[PDB]
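Novice: File query-v2.cif below, mmCIF, C-alpha atoms and all ligand atoms:
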```
data_target
#
loop_
_atom_site.group_PDB
_atom_site.id
_atom_site.type_symbol
_atom_site.label_atom_id
_atom_site.label_comp_id
_atom_site.auth_asym_id
_atom_site.auth_seq_id
_atom_site.Cartn_x
_atom_site.Cartn_y
_atom_site.Cartn_z
ATOM 1 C CA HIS W 3 8.656 20.572 18.755
ATOM 2 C CA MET W 4 10.103 19.540 15.363
ATOM 3 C CA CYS W 5 7.100 20.604 13.253
ATOM 4 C CA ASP W 6 5.382 23.011 15.602
ATOM 5 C CA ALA W 7 4.723 25.646 12.943
ATOM 6 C CA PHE W 8 3.213 23.088 10.528
ATOM 7 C CA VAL W 9 0.679 21.615 12.996
ATOM 8 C CA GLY W 10 -2.902 22.594 12.386
ATOM 9 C CA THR W 11 -5.743 22.529 9.956
ATOM 10 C CA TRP W 12 -5.103 24.210 6.660
ATOM 11 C CA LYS W 13 -7.390 24.885 3.671
ATOM 12 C CA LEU W 14 -6.352 25.212 0.023
ATOM 13 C CA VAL W 15 -6.661 28.786 -1.241
ATOM 14 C CA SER W 16 -4.722 28.807 -4.533
ATOM 15 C CA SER W 17 -3.156 26.455 -7.029
ATOM 16 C CA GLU W 18 -0.910 26.946 -10.014
ATOM 17 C CA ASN W 19 0.091 24.454 -12.692
ATOM 18 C CA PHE W 20 -1.306 21.466 -10.773
ATOM 19 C CA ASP W 21 -2.932 19.954 -13.886
ATOM 20 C CA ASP W 22 0.419 19.897 -15.677
ATOM 21 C CA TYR W 23 2.164 18.452 -12.583
ATOM 22 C CA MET W 24 -0.448 15.680 -12.450
ATOM 23 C CA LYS W 25 0.055 15.024 -16.168
ATOM 24 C CA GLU W 26 3.768 14.660 -15.574
ATOM 25 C CA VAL W 27 3.278 12.166 -12.749
ATOM 26 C CA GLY W 28 0.990 10.144 -15.034
ATOM 27 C CA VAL W 29 -2.498 10.914 -13.799
ATOM 28 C CA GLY W 30 -5.229 10.209 -16.341
ATOM 29 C CA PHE W 31 -7.696 12.718 -17.738
ATOM 30 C CA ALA W 32 -10.762 12.028 -15.632
ATOM 31 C CA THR W 33 -8.811 11.874 -12.367
ATOM 32 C CA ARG W 34 -7.030 15.116 -13.185
ATOM 33 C CA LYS W 35 -10.242 16.950 -13.875
ATOM 34 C CA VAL W 36 -12.065 15.749 -10.728
ATOM 35 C CA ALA W 37 -9.029 15.965 -8.466
ATOM 36 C CA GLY W 38 -8.142 19.418 -9.794
ATOM 37 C CA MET W 39 -11.522 20.741 -8.568
ATOM 38 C CA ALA W 40 -10.943 19.547 -5.047
ATOM 39 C CA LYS W 41 -10.273 22.086 -2.250
ATOM 40 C CA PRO W 42 -8.674 19.808 0.307
ATOM 41 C CA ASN W 43 -8.307 20.402 4.075
ATOM 42 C CA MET W 44 -4.669 19.417 5.132
ATOM 43 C CA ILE W 45 -4.486 18.400 8.817
ATOM 44 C CA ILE W 46 -0.989 18.077 10.257
ATOM 45 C CA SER W 47 -0.429 16.621 13.756
ATOM 46 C CA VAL W 48 2.468 15.279 15.773
ATOM 47 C CA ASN W 49 2.473 12.724 18.596
ATOM 48 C CA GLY W 50 5.951 12.049 19.888
ATOM 49 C CA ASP W 51 8.140 11.359 16.840
ATOM 50 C CA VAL W 52 5.228 10.421 14.587
ATOM 51 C CA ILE W 53 3.889 13.024 12.161
ATOM 52 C CA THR W 54 0.459 12.508 10.567
ATOM 53 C CA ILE W 55 -0.724 14.400 7.481
ATOM 54 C CA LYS W 56 -4.366 13.974 6.493
ATOM 55 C CA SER W 57 -6.018 15.390 3.364
ATOM 56 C CA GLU W 58 -9.801 15.440 3.253
ATOM 57 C CA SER W 59 -11.823 16.412 0.115
ATOM 58 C CA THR W 60 -14.727 15.290 -2.040
ATOM 59 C CA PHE W 61 -12.172 13.572 -4.313
ATOM 60 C CA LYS W 62 -10.425 11.386 -1.796
ATOM 61 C CA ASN W 63 -9.508 11.271 1.920
ATOM 62 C CA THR W 64 -5.875 10.313 2.447
ATOM 63 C CA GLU W 65 -3.630 9.902 5.514
ATOM 64 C CA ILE W 66 0.055 9.275 5.978
ATOM 65 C CA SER W 67 1.948 8.771 9.265
ATOM 66 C CA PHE W 68 5.731 8.659 9.395
ATOM 67 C CA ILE W 69 8.944 9.312 11.253
ATOM 68 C CA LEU W 70 11.401 11.765 9.695
ATOM 69 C CA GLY W 71 14.129 10.051 7.686
ATOM 70 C CA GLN W 72 12.360 6.641 7.764
ATOM 71 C CA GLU W 73 11.025 5.312 4.462
ATOM 72 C CA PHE W 74 7.449 4.078 4.201
ATOM 73 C CA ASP W 75 4.990 2.713 1.624
ATOM 74 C CA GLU W 76 2.374 5.103 0.377
ATOM 75 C CA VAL W 77 -0.544 4.699 -2.037
ATOM 76 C CA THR W 78 -1.005 8.160 -3.494
ATOM 77 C CA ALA W 79 -4.381 9.715 -4.239
ATOM 78 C CA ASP W 80 -3.922 8.811 -7.933
ATOM 79 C CA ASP W 81 -3.141 5.183 -6.873
ATOM 80 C CA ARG W 82 0.639 5.099 -7.442
ATOM 81 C CA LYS W 83 2.429 2.700 -5.090
ATOM 82 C CA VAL W 84 5.434 4.695 -4.030
ATOM 83 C CA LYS W 85 8.297 4.576 -1.566
ATOM 84 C CA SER W 86 8.231 7.825 0.450
ATOM 85 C CA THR W 87 10.819 9.470 2.677
ATOM 86 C CA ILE W 88 10.115 12.743 4.480
ATOM 87 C CA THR W 89 12.835 14.826 6.115
ATOM 88 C CA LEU W 90 13.199 18.300 7.586
ATOM 89 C CA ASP W 91 15.864 20.333 5.745
ATOM 90 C CA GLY W 92 16.338 23.817 7.045
ATOM 91 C CA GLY W 93 12.775 24.066 8.333
ATOM 92 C CA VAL W 94 11.261 22.748 5.066
ATOM 93 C CA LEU W 95 9.490 19.428 5.042
ATOM 94 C CA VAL W 96 10.875 17.535 2.012
ATOM 95 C CA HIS W 97 8.896 14.510 0.752
ATOM 96 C CA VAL W 98 10.439 12.343 -1.954
ATOM 97 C CA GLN W 99 8.356 9.669 -3.669
ATOM 98 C CA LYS W 100 10.064 6.962 -5.782
ATOM 99 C CA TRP W 101 8.233 4.501 -8.080
ATOM 100 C CA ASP W 102 8.867 2.729 -11.390
ATOM 101 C CA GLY W 103 12.340 4.408 -11.687
ATOM 102 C CA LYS W 104 10.700 7.889 -11.391
ATOM 103 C CA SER W 105 10.888 10.478 -8.597
ATOM 104 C CA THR W 106 8.960 13.526 -7.472
ATOM 105 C CA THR W 107 9.638 15.935 -4.621
ATOM 106 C CA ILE W 108 6.999 17.757 -2.570
ATOM 107 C CA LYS W 109 8.191 20.543 -0.270
ATOM 108 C CA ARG W 110 6.084 22.175 2.465
ATOM 109 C CA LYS W 111 7.160 25.531 3.797
ATOM 110 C CA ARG W 112 5.739 28.033 6.292
ATOM 111 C CA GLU W 113 5.739 31.498 4.729
ATOM 112 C CA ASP W 114 4.097 34.312 6.679
ATOM 113 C CA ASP W 115 0.707 32.898 7.769
ATOM 114 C CA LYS W 116 0.598 30.446 4.838
ATOM 115 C CA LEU W 117 1.728 26.920 4.240
ATOM 116 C CA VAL W 118 3.133 26.651 0.730
ATOM 117 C CA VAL W 119 3.395 23.303 -1.054
ATOM 118 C CA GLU W 120 5.719 23.022 -4.023
ATOM 119 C CA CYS W 121 5.905 19.895 -6.021
ATOM 120 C CA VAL W 122 8.223 19.125 -8.819
ATOM 121 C CA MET W 123 8.710 16.381 -11.359
ATOM 122 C CA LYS W 124 11.454 16.801 -13.826
ATOM 123 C CA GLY W 125 10.910 20.422 -14.881
ATOM 124 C CA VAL W 126 7.234 20.660 -14.036
ATOM 125 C CA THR W 127 6.363 22.470 -10.776
ATOM 126 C CA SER W 128 3.165 23.302 -9.064
ATOM 127 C CA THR W 129 2.546 25.611 -6.146
ATOM 128 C CA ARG W 130 -0.423 25.120 -3.832
ATOM 129 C CA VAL W 131 -1.016 27.684 -1.095
ATOM 130 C CA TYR W 132 -2.896 26.902 2.140
ATOM 131 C CA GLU W 133 -4.192 29.121 4.928
ATOM 132 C CA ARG W 134 -5.343 28.248 8.436
ATOM 133 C CA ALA W 135 -8.816 26.878 8.582
HETATM 134 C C1 LIG K 1 0.147 18.553 -4.038
HETATM 135 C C2 LIG K 1 1.271 17.548 -3.955
HETATM 136 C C3 LIG K 1 0.930 16.150 -3.414
HETATM 137 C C4 LIG K 1 0.402 16.283 -2.022
HETATM 138 O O1 LIG K 1 -0.561 17.036 -1.787
HETATM 139 O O2 LIG K 1 0.947 15.649 -1.105
HETATM 140 N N1 LIG K 1 0.041 15.468 -4.330
HETATM 141 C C5 LIG K 1 0.778 14.869 -5.366
HETATM 142 N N2 LIG K 1 0.165 14.142 -6.433
HETATM 143 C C6 LIG K 1 -1.254 14.085 -6.514
HETATM 144 S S1 LIG K 1 -2.129 13.369 -7.578
HETATM 145 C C7 LIG K 1 -3.574 13.738 -6.950
HETATM 146 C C8 LIG K 1 -4.852 13.304 -7.563
HETATM 147 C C9 LIG K 1 -3.473 14.503 -5.730
HETATM 148 C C10 LIG K 1 -4.654 14.986 -4.919
HETATM 149 C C11 LIG K 1 -4.910 14.528 -3.636
HETATM 150 C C12 LIG K 1 -6.047 14.970 -2.973
HETATM 151 C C13 LIG K 1 -6.931 15.874 -3.557
HETATM 152 C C14 LIG K 1 -6.688 16.336 -4.831
HETATM 153 C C15 LIG K 1 -5.551 15.876 -5.505
HETATM 154 C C16 LIG K 1 -1.997 14.704 -5.423
HETATM 155 C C17 LIG K 1 -1.403 15.434 -4.304
HETATM 156 O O3 LIG K 1 -2.112 15.927 -3.415
#
```
I need this file expressed as structure tokens, please.
Specialist:
Amino acid sequence: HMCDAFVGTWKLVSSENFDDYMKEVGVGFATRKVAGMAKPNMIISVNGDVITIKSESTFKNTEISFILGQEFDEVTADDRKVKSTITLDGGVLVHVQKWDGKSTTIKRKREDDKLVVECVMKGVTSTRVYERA
């Protein structure tokens, strides 16, 4: 029951400062422009201790599966090869990605009927708000 309130299908309804966040992570111009237009569907499911997060859009379809606290290899949508660890901290899903001596943190939070995604790299944050599909 660890992620019960996160499970579902969610659709992107707002974004703020995502272009600048992508710049900070190193995404190139053309990818930023095309990816920034996407309106992904985020599909979160749990089966035993394994959590799966899928993101489907015209830009790219991605999928990660993981166990909380257990590091895994991820190829991000912008093709970084990162080491990811996802934990639950006080009801917030906290995803840290490490690569090339850099780090970024992506937090997912349930707030009212929304799922709010906050990602941060150095001082640059973006907030992406999802609602139930
Ligand atoms: C929002 C934080 C984080 C995440 O959703 O887990 N996250 C982090 N970095 C990047 S770079 C990039 C190109 C996407 C991206 C993926 C699919 C569709 C559009 C953009 C992305 C991303 O989605």
Novice: Please produce, as JSON lines, a per-residue contact table for chain W versus ligand LIG 1 (chain K) (criterion: any atom at most 7 Å away, only C-alpha atoms and all ligand atoms considered), showing the nearest atom pair and its distance in Å to one decimal, sorted by chain then residue number.
Specialist:
```
{"residue": "W:24", "atom": "CA", "partner": "K:LIG1", "partner_atom": "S1", "distance": 5.6}
{"residue": "W:29", "atom": "CA", "partner": "K:LIG1", "partner_atom": "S1", "distance": 6.7}
{"residue": "W:33", "atom": "CA", "partner": "K:LIG1", "partner_atom": "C8", "distance": 6.4}
{"residue": "W:34", "atom": "CA", "partner": "K:LIG1", "partner_atom": "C8", "distance": 6.3}
{"residue": "W:37", "atom": "CA", "partner": "K:LIG1", "partner_atom": "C14", "distance": 4.3}
{"residue": "W:38", "atom": "CA", "partner": "K:LIG1", "partner_atom": "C14", "distance": 6.0}
{"residue": "W:40", "atom": "CA", "partner": "K:LIG1", "partner_atom": "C14", "distance": 5.3}
{"residue": "W:42", "atom": "CA", "partner": "K:LIG1", "partner_atom": "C13", "distance": 5.8}
{"residue": "W:57", "atom": "CA", "partner": "K:LIG1", "partner_atom": "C12", "distance": 6.4}
{"residue": "W:59", "atom": "CA", "partner": "K:LIG1", "partner_atom": "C13", "distance": 6.1}
{"residue": "W:61", "atom": "CA", "partner": "K:LIG1", "partner_atom": "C13", "distance": 5.8}
{"residue": "W:62", "atom": "CA", "partner": "K:LIG1", "partner_atom": "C12", "distance": 5.8}
{"residue": "W:78", "atom": "CA", "partner": "K:LIG1", "partner_atom": "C6", "distance": 6.7}
{"residue": "W:79", "atom": "CA", "partner": "K:LIG1", "partner_atom": "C11", "distance": 4.9}
{"residue": "W:80", "atom": "CA", "partner": "K:LIG1", "partner_atom": "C8", "distance": 4.6}
{"residue": "W:108", "atom": "CA", "partner": "K:LIG1", "partner_atom": "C2", "distance": 5.9}
{"residue": "W:119", "atom": "CA", "partner": "K:LIG1", "partner_atom": "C1", "distance": 6.5}
{"residue": "W:121", "atom": "CA", "partner": "K:LIG1", "partner_atom": "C2", "distance": 5.6}
{"residue": "W:130", "atom": "CA", "partner": "K:LIG1", "partner_atom": "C1", "distance": 6.6}
```
Novice: Of the residues W:36, W:118, W:45, W:94, which is the one nearest to residue 21 (chain W), using all atoms listed in the file?
Specialist: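 Closest to residue 21 (chain W), using all atoms listed in the file: W:36.
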Novice: CA of residue 132 (chain W) to CA of residue 82 (chain W): how many Å, to one decimal?
Specialist: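 Separation of CA of residue 132 (chain W) and CA of residue 82 (chain W): 24.1 Å.
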Novice: With the PyMOL selection byres (((chain W and resi 8) around 8) and not hetatm) as the selection, what would be picked from this file? Answer as a ChimeraX atom specification, please.
Specialist: /W:5-7,9-10,46,112,117
Novice: In the coordinates of the file, take the point (-7.0, 20.1, 7.0) and a cut-off of 7 Å; then, counting all atoms listed in the file, name each qualifying protein, DNA or RNA residue as a PyMOL selection string.
Specialist: chain W and resi 11-13+42-45+56-58
Novice: Taking the file as I've supplied it (selection: the PyMOL selection byres (((chain W and resi 66-75) around 8) and not hetatm)), which residues are included? Please answer as a PDB file with C-alpha atoms, keeping the file's coordinate frame.
Specialist:
```
ATOM      1  CA  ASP W  51       8.140  11.359  16.840  1.00  0.00           C
ATOM      2  CA  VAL W  52       5.228  10.421  14.587  1.00  0.00           C
ATOM      3  CA  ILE W  53       3.889  13.024  12.161  1.00  0.00           C
ATOM      4  CA  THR W  54       0.459  12.508  10.567  1.00  0.00           C
ATOM      5  CA  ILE W  55      -0.724  14.400   7.481  1.00  0.00           C
ATOM      6  CA  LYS W  56      -4.366  13.974   6.493  1.00  0.00           C
ATOM      7  CA  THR W  64      -5.875  10.313   2.447  1.00  0.00           C
ATOM      8  CA  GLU W  65      -3.630   9.902   5.514  1.00  0.00           C
ATOM      9  CA  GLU W  76       2.374   5.103   0.377  1.00  0.00           C
ATOM     10  CA  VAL W  77      -0.544   4.699  -2.037  1.00  0.00           C
ATOM     11  CA  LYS W  83       2.429   2.700  -5.090  1.00  0.00           C
ATOM     12  CA  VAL W  84       5.434   4.695  -4.030  1.00  0.00           C
ATOM     13  CA  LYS W  85       8.297   4.576  -1.566  1.00  0.00           C
ATOM     14  CA  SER W  86       8.231   7.825   0.450  1.00  0.00           C
ATOM     15  CA  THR W  87      10.819   9.470   2.677  1.00  0.00           C
ATOM     16  CA  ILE W  88      10.115  12.743   4.480  1.00  0.00           C
ATOM     17  CA  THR W  89      12.835  14.826   6.115  1.00  0.00           C
ATOM     18  CA  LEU W  90      13.199  18.300   7.586  1.00  0.00           C
TER      19      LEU W  90
END
```
Novice: Padding 3 Å on each side, edges along x, y and z: where is the centre of the box around the listed atoms of region 17-30 of chain W, and how long are its edges in Å to one decimal? Output it as lines of an AutoDock Vina configuration file.
Specialist:
```
center_x = -0.7
center_y = 18.5
center_z = -11.7
size_x = 15.0
size_y = 22.8
size_z = 15.3
```
Novice: Tell me which residues the PyMOL selection byres (((chain W and resi 120) around 12) and not hetatm) grabs here, as a count of residues only.
Specialist: 31
Novice: What is the CA of residue 93 (chain W) to CA of residue 81 (chain W) distance in Å?
Specialist: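 Taking CA of residue 93 (chain W) and CA of residue 81 (chain W), their separation equals 29.0 Å.
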Novice: Which residue gives the smallest distance to residue 116 (chain W) among W:32, W:92, W:15, W:4, with all atoms listed in the file counted?
Specialist: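 The answer is W:15, which sits nearest to residue 116 (chain W).
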Novice: For CA of residue 115 (chain W) and CA of residue 47 (chain W), quote the distance in Å rounded to one decimal.
Specialist: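 Rounded to one decimal, the two atoms are 17.4 Å apart.
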Novice: Which residue is closest to residue 50 (chain W)? Choose from W:3, W:100, W:25, W:134 and count all atoms listed in the file.
Specialist: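 Closest candidate: W:3.
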